[PDB]
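*Asks:* Taking the deposited numbering, I'd label the letters of the sequence shown as residues 9 to 176, 185 to 242, 247 to 302, 311 to 456.
C-beta atoms are modelled at their ideal positions from N, C-alpha and C, and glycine is treated no differently.
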Amino acid sequence: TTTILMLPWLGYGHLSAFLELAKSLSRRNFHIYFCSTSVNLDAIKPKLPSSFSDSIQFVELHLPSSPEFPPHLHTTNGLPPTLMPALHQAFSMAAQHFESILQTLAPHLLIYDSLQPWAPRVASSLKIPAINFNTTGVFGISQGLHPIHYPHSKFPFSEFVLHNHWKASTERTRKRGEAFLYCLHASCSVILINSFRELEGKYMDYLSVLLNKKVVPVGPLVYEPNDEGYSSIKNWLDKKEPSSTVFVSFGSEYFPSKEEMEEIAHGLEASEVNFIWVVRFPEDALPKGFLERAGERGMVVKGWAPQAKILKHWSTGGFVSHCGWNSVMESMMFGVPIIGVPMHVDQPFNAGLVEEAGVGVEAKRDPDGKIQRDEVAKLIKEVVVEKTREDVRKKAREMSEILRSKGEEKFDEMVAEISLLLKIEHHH
Ligand SMILES: C[C@H](CO)OC[C@@H](C)OC[C@@H](C)OC[C@@H](C)OC[C@@H](C)OC[C@H](C)OC[C@@H](C)O
Ligand SMILES: O=c1ccn([C@@H]2O[C@H](COP(=O)(O)OP(=O)(O)O)[C@@H](O)[C@H]2O)c(=O)[nH]1
């Protein structure tokens, strides 16, 4: 049996996408070692059906631990952002344990994420072929690589303009970019990416030319379940009108500021929409009286919600999203129009891609980068409450139809490249 060890970055969204890719590989009769920190393995295990456990085995990676940085914090999930430097540093210090794991398990292939340049180096030292898998889409990566090669030309295949809020140490930034690009460039023969050609084909081809490396899409990778609070939520959703409710979430690794929560809350209130809002803490940052005024229209879920089940509910008409890539792919698979409120990293690019696909809208920030309650209210009003953006709802339905027609064949290209790479390296 051919064995693959998979090393996601320590972010719940990365674990999620890597687990869906592991399932696709298990169905092609690979044996998978799924490697992460215990706190991340615990978080993702509920998403693995028992039928996979014979072929997808979890393997704990150990980071340096201390009372001030214990194992429960060895994840980005709900991590204070000022511990993010420590998390990256501790992950790099796991390379020795990672080498021991690779020596013991001797997988035929490593699949690694883009936040760990040390991982392909350890694999190479053990003569283990290694392929990079990106859990993001292509658009934002190509937008980041383009100015390196064409600093005085506009990106060629879009009308997207990055807002100044995101455009604003330079050396530290260059080194982070170099480490990220190294993970892609170091990949053996191909880069795998969680995207699909109907959405990003021309950006895939452009990225491939810029990197001079083959880009192989393996998306859409969307988890679908079959009671983490769902029964109460379902009963509440069941009593709403069709497509009347927005889900509101900013993902697993971001806490909006009190100022940002103020604007989102007032936007939800003015829109008069039904809403389910996931609020997380690393105190109450909602405006005084907001929930009491919302009454039965509003529901705040503390900590974590069953996002997929909510998005699939007939009562859900829109998704106010930070536009993390898994949330975007889920919303497209499920046919739910996105009202984009991106926060940082790849999110502003994901929102512009959503807007340019016509399957959602982006709430624009003010010149100084502040969220606008009037823009949130307007877009929820148009897309969900009044549904005067029929064009967006139609495009979102059409995208869901395309994504639902995809099957196992979306993994054919990856499987062929794995087969070739292993047949070549066995000779070497
Ligand atoms: C995250 C995003 C990217 O997706 O931002 C990354 C960015 C911040 O990284 C900047 C860094 C990669 O600068 C590279 C630069 C040195 O390359 C210049 C290029 C034109 O070749 C020059 C010359 C022939 O080659 C010199 C080189 C080969 O050593
Ligand atoms: O309350 C929540 C919040 C998020 N998610 C899931 O967590 C992942 C978030 O990944 P994404 O790429 O959207 O952004 P990130 O959280 O990593 O910034 C997605 O699969 C969501 O469905 C969830 O199940 N419940």
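Ligand 1 and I207: does any heavy atom of the ligand fall closer than 6 Å to the residue's C-beta?
*Replies:* Flag unset: Cβ of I207 not near ligand 1.
*Asks:* Quick one: is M427 buried, meaning 16 or more other Cβ sit within 10 Å of its Cβ, or exposed?
*Replies:* Label assigned to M427: buried.
*Asks:* Hey, would you say the C-beta of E445 is under 6 Å away from at least one heavy atom of ligand 2?
*Replies:* Outside the cutoff, so no.
*Asks:* What does the Cβ neighbour count give for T84, buried or exposed, with the cut at 16 atoms within 10 Å?
*Replies:* Label assigned to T84: buried.
*Asks:* Do you know offhand how far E410's Cα is from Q400's?
*Replies:* Computed Cα separation, rounded: 16 Å.
*Asks:* Is the CB-CB distance between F42 and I12 below 7 Å?
*Replies:* For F42 and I12, no; Cβs fall outside 7 Å.
*Asks:* Please return the same chain residues whose Cβ sits closer than 8 Å to the Cβ of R393, not counting the five positions on each side in sequence.
*Replies:* Within the same chain, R393 has close Cβ partners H171, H173, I399 and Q400.
*Asks:* Thinking C-alpha only, which one of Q65, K337 and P276 is nearest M371?
*Replies:* Ranking the options by Cα distance to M371, first place goes to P276.
*Asks:* For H286, which of helix, strand or coil comes out of DSSP?
*Replies:* DSSP places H286 in helix when its eight states are reduced to three.
*Asks:* What do you reckon, are the CB atoms on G145 and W17 nearer than 7 Å?
*Replies:* In this structure, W17 does not lie closer than 7 Å to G145 by Cβ.
*Asks:* Relative to ligand 1, is the shortest distance from any of its heavy atoms to the C-beta of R188 smaller than 6 Å?
*Replies:* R188 Cβ: outside cutoff for every heavy atom of ligand 1.
*Asks:* Verify whether the separation of the beta carbon atoms of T45 and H82 is less than 7 Å.
*Replies:* Against a cut-off of 7 Å, the Cβ pair of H82 and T45 comes out as a contact.
*Asks:* Assuming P241 and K337 are in contact, meaning their beta carbons sit under 8 Å apart, how far apart are those beta carbons, in whole angstroms?
*Replies:* About 6 Å separates the two Cβ atoms, so the contact holds.
*Asks:* Hey, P334 and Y250 are a contact pair by Cβ (cut 8 Å); roughly how many whole angstroms apart?
*Replies:* At roughly 5 Å, the Cβ-Cβ gap stays under 8 Å, so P334 and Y250 are in contact.
*Asks:* With DSSP as the reference, identify every bridge partner of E68, one or two as the case may be.
*Replies:* Per DSSP, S44.
*Asks:* For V206, which residues of its own chain have a beta-carbon under 6 Å away from its beta-carbon, when the five flanking residues on both sides are left out?
*Replies:* Counting only Cβ-Cβ distances below 6 Å, and skipping sequence neighbours, we find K230, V232 and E445.
*Asks:* Could you tell me the alpha carbon to alpha carbon distance between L15 and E311, rounded to whole angstroms?
*Replies:* Each residue's alpha carbon lies about 35 Å from the other.
*Asks:* Using C-beta distances below 6 Å, list every residue in its chain close to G271, excluding the 5 sequence neighbours before and after it, in chain order.
*Replies:* Result list for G271: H350 and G352, in chain order.
*Asks:* To the nearest angstrom, how far is it from the Cα of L448 to the Cα of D221?
*Replies:* For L448 and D221, the distance between alpha carbons rounds to 21 Å.
*Asks:* Should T143 go down as buried or exposed, given a rule of 16 or more other Cβ atoms within 10 Å for buried?
*Replies:* With 16 or more other Cβ atoms within 10 Å, it is buried.
*Asks:* Under the three-state reduction of DSSP, which class applies to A138: helix, strand or coil?
*Replies:* In the structure shown, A138 sits in a strand (DSSP, three-state: E or B).
*Asks:* Does the region 405–423 come close enough to the region 288–296 to have 3 or more Cβ pairs within less than 8 Å?
*Replies:* Yes: the two stretches touch, three or more of their Cβ pairs being nearer than 8 Å.
*Asks:* Which stretch, first to last residue, makes up the alpha helix (DSSP H) that contains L81?
*Replies:* Premise fails: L81 is in no alpha helix (DSSP H) and is neither H nor E.
*Asks:* Quick one: Cα of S161 to Cα of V169, how far?
*Replies:* Rounded to whole angstroms, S161 to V169 spans 13 Å at the Cα level.
*Asks:* Is DSSP giving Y120 helix, strand or coil here?
*Replies:* Of the three classes helix, strand and coil, the one that applies to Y120 here is strand, per DSSP.
*Asks:* Taking just the CA atoms, how far does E107 sit from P164?
*Replies:* Straight-line Cα distance between these residues: approximately 42 Å.
*Asks:* Does the Cβ of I156 have 16 or more other Cβ atoms within 10 Å, making it buried, or fewer, making it exposed?
*Replies:* Classification for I156: exposed.
*Asks:* Below 8 Å, how does it come out for the region 132–141 and the region 207–220: are there three or more Cβ pairs, yes or no?
*Replies:* The answer is yes - the region 207–220 touches the region 132–141, with three or more Cβ pairs under 8 Å.
*Asks:* Please return the same chain residues whose Cβ sits closer than 8 Å to the Cβ of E28, not counting the five positions on each side in sequence.
*Replies:* Excluding residues within five positions, the ones whose Cβ falls inside 8 Å are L237, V238 and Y239.
*Asks:* Quick check on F99: buried or exposed, where buried means 16 or more other Cβ atoms within 10 Å of its Cβ?
*Replies:* With 16 or more other Cβ atoms within 10 Å, it is buried.
*Asks:* Could you tell me the boundaries of the alpha helix (DSSP H) in which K175 lies?
*Replies:* Note, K175: alpha helix (DSSP H), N172 to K175.
*Asks:* Let me make sure I understand the geometry here. Which of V387, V369, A379 and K260 has the alpha-carbon closest to that of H341?
*Replies:* Cα-wise, what sits closest to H341 is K260.
*Asks:* From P88 to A202, what distance separates their C-alpha atoms?
*Replies:* Cα to Cα, the separation comes out at about 31 Å.
*Asks:* Under three-state DSSP, which class holds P125?
*Replies:* Residue state, collapsed to three classes: coil.
*Asks:* According to the neighbour-count rule (16 or more other Cβ atoms, all chains shown, within 10 Å of its Cβ), is residue 184 buried or exposed?
*Replies:* Because residue 184 lies between 176 and 185, and the chain jumps straight from the first to the second, it has no atoms in this structure.
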